[PDB]
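A short worksheet on the structure shown next.
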Amino acid sequence: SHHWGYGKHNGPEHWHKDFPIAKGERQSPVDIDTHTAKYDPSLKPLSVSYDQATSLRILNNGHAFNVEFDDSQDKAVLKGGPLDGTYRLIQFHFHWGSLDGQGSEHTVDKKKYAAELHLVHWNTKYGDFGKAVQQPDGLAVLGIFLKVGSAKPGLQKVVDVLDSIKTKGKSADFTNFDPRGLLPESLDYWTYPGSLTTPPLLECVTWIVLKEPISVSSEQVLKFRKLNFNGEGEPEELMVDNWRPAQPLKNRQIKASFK
Ligand SMILES: NS(=O)(=O)CCNC(=O)/C(Cc1ccc(O)c(Br)c1)=N/O
Ligand SMILES: NS(=O)(=O)CCNC(=O)/C(Cc1ccc(O)c(Br)c1)=N/O
Ligand SMILES: NS(=O)(=O)CCNC(=O)/C(Cc1ccc(O)c(Br)c1)=N/O
Ligand SMILES: [Zn+2]
């Protein structure tokens with residue numbers, strides 16, 4: 001069974017032994033070199049249609065916490081930009097650091113943000129998530145960087161439930177949460193073809209990384225850092241530094257939606 005994590009003994013440098021696609025040709029995350037990305041005037045505007053989103057539950061899975069959505073119909077979808085067709089929101093989660101100077105998975109001119117939010121969507125032409133992850137255009141992940149500054153009010157409901165899911169395997173109801181409150185003002189983005197950033201590291205993702213970070217407060221990110229990787233009644237290991245570092249770009253181009 002799955003024994004991957006973020007520690008010295010089971011972290012990103014070990015993943016390749018069970019998941020050899022870790023050394024593949026379209027791995028994520030990557031550094032976004034802002035002076036090598038090309039503005040692509042053909043990209044359409046991005047369409048984030050989250051008005052009918054139905055959040056269900058929040059779960060600590062021992063790697064991060066996921067907010068799960070009802071993806072049984074086109075309720076919260078991503079379209080446009082580099083995408084063909086319609087991608088359904090299934091879950092969001094974050095990656096974060098032990099300190100404010102690290103935590104993001106993508107970097108921008110080698111800059112690491114405190115955290116990174118991933119909104120994971122799957123291509124409806126493949127009918128379910130499991131089938132989608134087997135296709136090179138199966139997922140669209142919207143990535144949003146977090147910096148520490150002013151509080152993000154649309155994050156606070158998430159921060160306030162984290163005490164109820166401290167350890168691995170704990171879940172809680174999380175209905176009526178509006179993921180629109182996690183977005184920045186601008187939808188300017190970079191895009192590139194890549195992979196899941198966790199095992200099984202499948203090369204099925206169109207990445208859409210927003211240029212504008214959102215600001216969260218030090219108190220809000222502190223609460224992320226109080227979570228635990230371990231299960232109840234096990235030795236406490238704080239859930240921090242659950243990020244994969246940047247991977248080789250290889251033969252890929254990162255495109256910008258903006259000049
Ligand atoms: N290539 S990988 O999937 O990242 C990591 C594979 N390594 C392992 O299974 C182990 C032994 C291990 C044993 C029991 C556990 O409960 C955990 Br956790 C890990 N490393 O010490
Ligand atoms: N950081 S991320 O790129 O957004 C990747 C977030 N990780 C994932 O969704 C998973 C869970 C997963 C669940 C069911 C599956 O069939 C497959 Br495959 C993966 N990795 O195991
Ligand atoms: N050698 S591989 O292709 O990476 C094995 C591929 N495994 C799968 O698609 C899965 C889904 C999965 C879910 C969560 C995980 O954490 C991992 Br890992 C894998 N089996 O459950
Ligand atoms: Zn992620």
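Reckoned from all heavy atoms, side chains included, excluding hydrogens, waters and symmetry mates. Note that ligands are numbered from 1 as they come in the structure, with each ligand's atoms numbered from 1 the same way. Count residues from 1 along the sequence.
- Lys111 and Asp109 are not joined by a salt bridge, as no carboxylate oxygen comes within less than 4.0 angstrom of a charged side-chain nitrogen.
- Residues in residues 53-79 take part in these salt bridge (charged side-chain N to carboxylate O under 4.0 Å, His left out) pairs, two or more places apart or across chains: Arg57-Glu68, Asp70-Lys75, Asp74-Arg88.
- Taking the six-membered ring where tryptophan is involved, the planes of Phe65 and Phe94 are tilted, since the angle between them lies from 30° to 60°.
- Rounding to the nearest 0.5 angstrom, the gap separating the CZ atom in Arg26 from the CH2 atom in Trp207 is 11.5 Å.
- The N/O atoms of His14, backbone and side chain alike, include one that comes under 3.5 Å of an N/O atom in ligand 1.
- Proximity to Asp18 (heavy-atom distance under 4.0 Å) selects the following atoms of ligand 1: 1 (N), 2 (S), 3 (O), 6 (C).
- Each of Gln27, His95, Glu105 was evaluated against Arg244; a single residue qualifies, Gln27, per the side chain to side chain donor-acceptor pair (under 3.5 Å) test.
- Atoms of ligand 1 found under 4.0 Å from any heavy atom of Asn10 (numbered from 1 in listed order, with element): 4 (O), 18 (Br).
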For ligand 2, run through the N/O pairs with the protein that fall under 3.5 Å and put one pair on each line.
from	atom 1	to	atom 2	distance (Å)
ligand 2	1 (N)	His93	NE2	3.3
ligand 2	1 (N)	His95	NE2	3.3
ligand 2	1 (N)	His118	ND1	3.4
ligand 2	1 (N)	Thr197	OG1	2.8
ligand 2	3 (O)	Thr197	N	2.9
ligand 2	4 (O)	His93	NE2	3.4
ligand 2	7 (N)	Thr198	OG1	2.9
ligand 2	20 (N)	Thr198	OG1	3.0
ligand 2	20 (N)	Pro199	O	3.0
ligand 2	21 (O)	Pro199	O	2.6

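- Surrounding CG of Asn10 are more than 12 heavy atoms belonging to other residues, nucleotides or ligands, all under 6.0 Å away.
- The residues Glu237 and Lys168 are annotated as not salt-bridged, no charged nitrogen and carboxylate oxygen being separated by less than 4.0 angstrom.
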